[PDB]
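*Asks:* Got a structure here, written out as structure tokens. Questions coming.
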Amino acid sequence: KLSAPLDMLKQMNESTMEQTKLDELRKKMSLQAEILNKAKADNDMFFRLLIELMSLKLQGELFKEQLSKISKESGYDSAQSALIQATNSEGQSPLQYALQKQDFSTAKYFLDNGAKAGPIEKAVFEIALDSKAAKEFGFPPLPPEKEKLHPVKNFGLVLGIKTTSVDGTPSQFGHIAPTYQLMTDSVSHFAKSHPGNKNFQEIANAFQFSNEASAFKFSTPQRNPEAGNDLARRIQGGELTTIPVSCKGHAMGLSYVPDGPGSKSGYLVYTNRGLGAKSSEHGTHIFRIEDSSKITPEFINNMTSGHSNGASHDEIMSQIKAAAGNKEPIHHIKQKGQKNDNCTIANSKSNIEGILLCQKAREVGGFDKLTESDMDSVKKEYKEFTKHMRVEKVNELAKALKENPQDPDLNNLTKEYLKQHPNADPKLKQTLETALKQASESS
Ligand SMILES: [Cl-]
């Protein structure tokens with residue numbers, strides 16, 4: 001009917017708290033658990049039995065009784081204390097896990113049992129409500145006002161600034177459309193600033209092509225399956241082609257580097273530094289594609305629509321492996337792990353390192369002919385690009401802070417960048433310190 005989505009929205013609005021209030025509540029329940037002096041809580045176990053319970057697809061009363069049973073089994077006073085304190089290895093609360101899984105019935109049951117809505121849970125919910133599952137549940141479309149990249153997101157996703165806006169919007173988690181637009185803009189800005197860098201001319205052209213073809217609105221592509229056909233035809237034409245790839249609530253990186261114009265061979269470069277990847281495999285993996293024809297338009301359309309179609313991480317990765325002939329990667333670039341973020345910037349950005357490695361391998365005539373100097377030059381070129389992005393964003397943040405010196409979000413963003421990146425380049429530290437002091441001298 002109409003009752004389930006409306007009740008869900010009302011409950012999630014009523015259960016909304018600031019991060020500090022939820023931390024204080026968790027500390028309170030920790031104090032109560034310590035005063036009781038019983039068995040210590042096991043979060044991993046609790047999440048195991050939570051997934052096992054959700055798989056049973058039980059109704060309200062059965063679900064509530066088993067929820068409290070499994071919460072007592074894992075060393076929690078009640079279901080409520082478990083829902084408020086438990087956290088899996090990825091850092092998700094149970095409500096956050098259920099929302100990212102687009103399991104809206106389970107998330108509603110969690111709110112019935114006292115799960116609360118911090119900024120992260122609200123952000124993950126907002127990402128999940130742009131999905132086919134959110135529409136079948138009865139939710140309305142997201143309001144268009146929310147398509148624009150929030151300033152805290154715009155600066156934190158690029159500069160790695162963990163903070164929350166005064167309106168409660170966290171720096172983490174974002175839709176594919178504005179963040180991929182930002183990535184396209186950044187690669188094209190680096191290309192225009194270094195027009196003699198052929199690698200980045202090619203990379204900027206590929207990014208622009210797939211940004212225009214995918215036609216993302218929020219986190220759903222609006223040209224399927226035409227965008228899949230365009231990208232597949234570009235791949236079989238022998239051109240560099242980026243592939244926007246996602247699963248339920250998570251974004252990765254995917255691209256194809258051809259051996260040359262009109263070639264049929266090349267490389268499939270996949271990147272995941274966050275959810276779904278093991279700690280040892282965090283980063284970029286390069287598959288050798290000796291026939292690009294298994295990269296079909298249907299495959300590309302599935303990749304772009306992974307989140308909105310409700311596809312899981314394993315279905316997406318299986319399709320990627322099958323497109324690579326189910327052979328193992330020939331090379332792995334280790335890149336640092338990211339948690340509690342759908343990696344709309346991290347994965348697509350770090351994918352460029354693999355792109356450059358494949359371009360260098362093509363330059364020297366193959367991966368087996370890559371020398372140490374080649375790979376070290378590749379990594380310093382990638383680090384040059386990332387430093388260009390970082391300097392541009394720091395200057396943009398300083399300029400915006402001066403042109404709006406009383407804004408709480410900009411001031412807090414600058415302070416938090418200074419405070420969480422003390423070993424940054426001292427000229428950017430100076431830029432933002434001078435921005436901060438000029439912003440107070442409008443007393
Ligand atoms: Cl999965």
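All residue names refer to the structure tokens as shown: chains lettered A, B, ... in order, residues numbered from 1 in each chain, ligands numbered from 1 in order.
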So which residues are near ligand 1, meaning at most 8 Å away with only C-alpha atoms and all ligand atoms counted, given back as a PyMOL selection string?
*Replies:* chain A and resi 276+312-315
*Asks:* DSSP says helix (DSSP H, G or I) for which residues of region 196-309 of chain A? Put them as a ChimeraX atom specification?
*Replies:* /A:198-214,226-236,279-281,292-294,297-304
*Asks:* Please determine, counting only C-alpha atoms, which residue among A:108, A:327, A:38, A:162 has the shortest atom-to-atom distance to residue 418 (chain A).
*Replies:* A:162
*Asks:* Env of region 26-28 of chain A: 9 Å cut, atoms = only C-alpha atoms, seq-sep filter 5 positions within chain, self excluded. Answer as a list in words.
*Replies:* residues 21, 33, 81, 84 and 85 of chain A
*Asks:* I need the residues from that last selection saved to file as an mmCIF file, in the first residue's frame (with C-alpha atoms), if you can.
*Replies:*
```cif
data_model
loop_
_atom_site.group_PDB
_atom_site.id
_atom_site.type_symbol
_atom_site.label_atom_id
_atom_site.label_comp_id
_atom_site.auth_asym_id
_atom_site.auth_seq_id
_atom_site.Cartn_x
_atom_site.Cartn_y
_atom_site.Cartn_z
ATOM 1 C CA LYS A 21 24.193 12.330 20.776
ATOM 2 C CA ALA A 33 26.819 -3.149 30.402
ATOM 3 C CA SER A 81 21.573 -2.174 23.101
ATOM 4 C CA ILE A 84 22.805 0.761 19.084
ATOM 5 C CA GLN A 85 26.294 -0.555 19.893
#
```
*Asks:* Nearest to residue 253 (chain A) among A:20, A:131, A:293, A:348, with distances taken over only C-alpha atoms: which residue is it?
*Replies:* A:348
*Asks:* Identify which of the residues A:285, A:429, A:69, A:390 lies closest to residue 329 (chain A), counting only C-alpha atoms when measuring atom-to-atom distances.
*Replies:*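 Ranked by minimum distance to residue 329 (chain A), first place goes to A:285.
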*Asks:* Compare A:133, A:9, A:439, A:378 by their minimum atom-to-atom distance to residue 117 (chain A), counting only C-alpha atoms, and give me the closest one.
*Replies:*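 Smallest distance to residue 117 (chain A) is found for A:9.
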*Asks:* From the options A:290, A:247, A:360, A:113, which residue's atoms come nearest to residue 372 (chain A), counting only C-alpha atoms?
*Replies:* A:360
*Asks:* Report, in Å with one decimal, the straight-line distance from CA of residue 47 (chain A) to CA of residue 88 (chain A).
*Replies:*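 Interatomic distance, CA of residue 47 (chain A) to CA of residue 88 (chain A): 6.6 Å.
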*Asks:* Name the closest residue to residue 257 (chain A) among the candidates A:374, A:381, A:167, A:363; distances are taken between atoms, counting only C-alpha atoms.
*Replies:*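 Ranking A:374, A:381, A:167, A:363 by distance to residue 257 (chain A), first place goes to A:363.
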*Asks:* Which neighbours of residue 304 (chain A) fall inside 8 Å, counting only C-alpha atoms, when residues of the same chain fewer than 4 positions from it are skipped, and could you give them as a JSON list (two decimals) with N, CA, C and O atoms, in the first residue's frame?
*Replies:*
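Writing the result to part.json gives the following:
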```
[["chain", "number", "residue", "atom", "x", "y", "z"],
["A", 214, "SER", "N", 26.93, 7.58, -19.83],
["A", 214, "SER", "CA", 26.24, 6.91, -18.73],
["A", 214, "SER", "C", 25.00, 7.67, -18.30],
["A", 214, "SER", "O", 24.00, 7.06, -17.90],
["A", 220, "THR", "N", 21.61, 6.35, -10.64],
["A", 220, "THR", "CA", 20.98, 5.50, -11.63],
["A", 220, "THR", "C", 21.30, 6.01, -13.03],
["A", 220, "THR", "O", 21.06, 7.19, -13.34],
["A", 221, "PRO", "N", 21.85, 5.17, -13.91],
["A", 221, "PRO", "CA", 22.09, 5.61, -15.29],
["A", 221, "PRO", "C", 20.78, 5.71, -16.06],
["A", 221, "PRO", "O", 19.89, 4.86, -15.93],
["A", 243, "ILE", "N", 34.52, 2.57, -17.22],
["A", 243, "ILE", "CA", 33.24, 1.91, -16.99],
["A", 243, "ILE", "C", 32.78, 2.22, -15.57],
["A", 243, "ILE", "O", 33.35, 1.68, -14.61],
["A", 244, "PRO", "N", 31.78, 3.08, -15.39],
["A", 244, "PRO", "CA", 31.24, 3.29, -14.04],
["A", 244, "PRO", "C", 30.63, 1.99, -13.53],
["A", 244, "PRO", "O", 29.78, 1.39, -14.18],
["A", 245, "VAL", "N", 31.12, 1.54, -12.38],
["A", 245, "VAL", "CA", 30.76, 0.23, -11.83],
["A", 245, "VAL", "C", 30.32, 0.40, -10.38],
["A", 245, "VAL", "O", 30.96, 1.11, -9.60],
["A", 246, "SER", "N", 29.22, -0.26, -10.02],
["A", 246, "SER", "CA", 28.73, -0.18, -8.65],
["A", 246, "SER", "C", 28.03, -1.47, -8.26],
["A", 246, "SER", "O", 27.67, -2.28, -9.12],
["A", 300, "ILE", "N", 28.37, -4.12, -19.60],
["A", 300, "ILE", "CA", 28.59, -2.72, -19.24],
["A", 300, "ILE", "C", 27.34, -2.14, -18.59],
["A", 300, "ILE", "O", 27.41, -1.43, -17.57]]
```
*Asks:* Which neighbours of residue 286 (chain A) fall inside 6 Å, counting only C-alpha atoms, when residues of the same chain fewer than 3 positions from it are skipped, and could you give them as a PyMOL selection string?
*Replies:* chain A and resi 268-269+329-331
*Asks:* Can you tell me which residues surround residue 352 (chain A) at a distance of at most 10 Å, considering only C-alpha atoms, apart from same-chain residues fewer than 5 positions away, and format the answer as a short mmCIF file (atom, residue, chain, number, x, y, z; two decimals) with C-alpha atoms, in the first residue's frame?
*Replies:*
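result.cif, written as the output of this step:
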```cif
data_model
loop_
_atom_site.label_atom_id
_atom_site.label_comp_id
_atom_site.auth_asym_id
_atom_site.auth_seq_id
_atom_site.Cartn_x
_atom_site.Cartn_y
_atom_site.Cartn_z
CA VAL A 187 40.91 14.73 -15.09
CA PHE A 200 46.04 12.19 -19.66
CA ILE A 203 42.27 9.51 -19.93
CA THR A 242 36.14 3.94 -18.36
CA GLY A 253 36.52 1.49 -10.47
CA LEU A 254 36.63 -0.20 -13.86
CA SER A 255 38.28 0.71 -17.14
CA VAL A 269 41.55 -2.59 -14.78
CA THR A 271 39.72 -1.19 -8.42
CA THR A 284 43.77 -2.19 -8.31
CA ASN A 347 38.03 3.80 -6.35
CA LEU A 357 50.49 1.38 -15.64
CA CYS A 358 48.75 -0.24 -18.61
CA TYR A 382 49.96 9.26 -10.79
CA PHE A 385 48.04 13.98 -10.83
CA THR A 386 46.77 13.41 -7.28
#
```
*Asks:* Quote the spacing between CA of residue 173 (chain A) and CA of residue 15 (chain A) in Å to one decimal place.
*Replies:* 19.8 Å
*Asks:* Can you list, as a list in words, every protein, DNA or RNA residue that comes within 12 Å of residue 51 (chain A) when you count only C-alpha atoms, leaving out same-chain residues fewer than 4 positions away?
*Replies:*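 So the residues in contact are residues 44, 45, 46, 47, 55, 56, 57, 66, 67, 70, 88, 94, 97, 98, 101, 103 and 106 of chain A.
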*Asks:* Please write the residues from the selection above to a file, keeping N, CA and C atoms, as a CSV table (one decimal), in the first residue's frame.
*Replies:*
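Output file part24.csv is given in full below:
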```csv
chain,number,residue,atom,x,y,z
A,44,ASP,N,31.1,-9.5,15.9
A,44,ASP,CA,31.2,-10.3,14.7
A,44,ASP,C,30.2,-11.5,14.8
A,45,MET,N,30.1,-12.1,15.9
A,45,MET,CA,29.1,-13.2,16.1
A,45,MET,C,27.7,-12.7,15.9
A,46,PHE,N,27.4,-11.5,16.6
A,46,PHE,CA,26.1,-10.9,16.5
A,46,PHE,C,25.7,-10.6,15.0
A,47,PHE,N,26.6,-10.2,14.2
A,47,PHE,CA,26.3,-9.9,12.8
A,47,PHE,C,26.2,-11.2,12.0
A,55,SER,N,18.1,-13.9,6.7
A,55,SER,CA,17.9,-14.9,5.6
A,55,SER,C,16.6,-15.7,5.8
A,56,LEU,N,16.1,-15.8,7.1
A,56,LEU,CA,14.9,-16.6,7.4
A,56,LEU,C,13.6,-15.9,6.9
A,57,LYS,N,13.7,-14.6,6.7
A,57,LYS,CA,12.5,-13.8,6.2
A,57,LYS,C,11.3,-14.1,7.1
A,66,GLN,N,13.4,-13.5,17.8
A,66,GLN,CA,14.7,-14.0,17.5
A,66,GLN,C,15.8,-12.9,17.5
A,67,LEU,N,15.4,-11.6,17.2
A,67,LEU,CA,16.4,-10.5,17.4
A,67,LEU,C,16.8,-10.4,18.8
A,70,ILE,N,19.1,-13.6,19.6
A,70,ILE,CA,20.5,-13.5,19.1
A,70,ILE,C,21.2,-12.4,19.8
A,88,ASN,N,30.0,-4.1,12.6
A,88,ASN,CA,30.8,-5.2,11.9
A,88,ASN,C,32.2,-4.7,11.5
A,94,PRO,N,23.9,-2.2,12.4
A,94,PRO,CA,22.9,-3.1,11.8
A,94,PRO,C,22.0,-2.4,10.9
A,97,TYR,N,23.8,-1.5,7.7
A,97,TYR,CA,24.0,-2.7,6.9
A,97,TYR,C,22.7,-3.1,6.2
A,98,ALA,N,21.6,-3.0,6.9
A,98,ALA,CA,20.3,-3.3,6.2
A,98,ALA,C,19.9,-2.3,5.2
A,101,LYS,N,22.1,-2.8,2.1
A,101,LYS,CA,21.6,-4.0,1.4
A,101,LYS,C,20.2,-3.8,0.8
A,103,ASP,N,17.5,-3.7,2.2
A,103,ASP,CA,16.5,-4.5,2.9
A,103,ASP,C,15.7,-3.6,3.8
A,106,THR,N,13.7,-5.1,6.8
A,106,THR,CA,14.6,-5.4,8.0
A,106,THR,C,15.0,-4.1,8.7
```
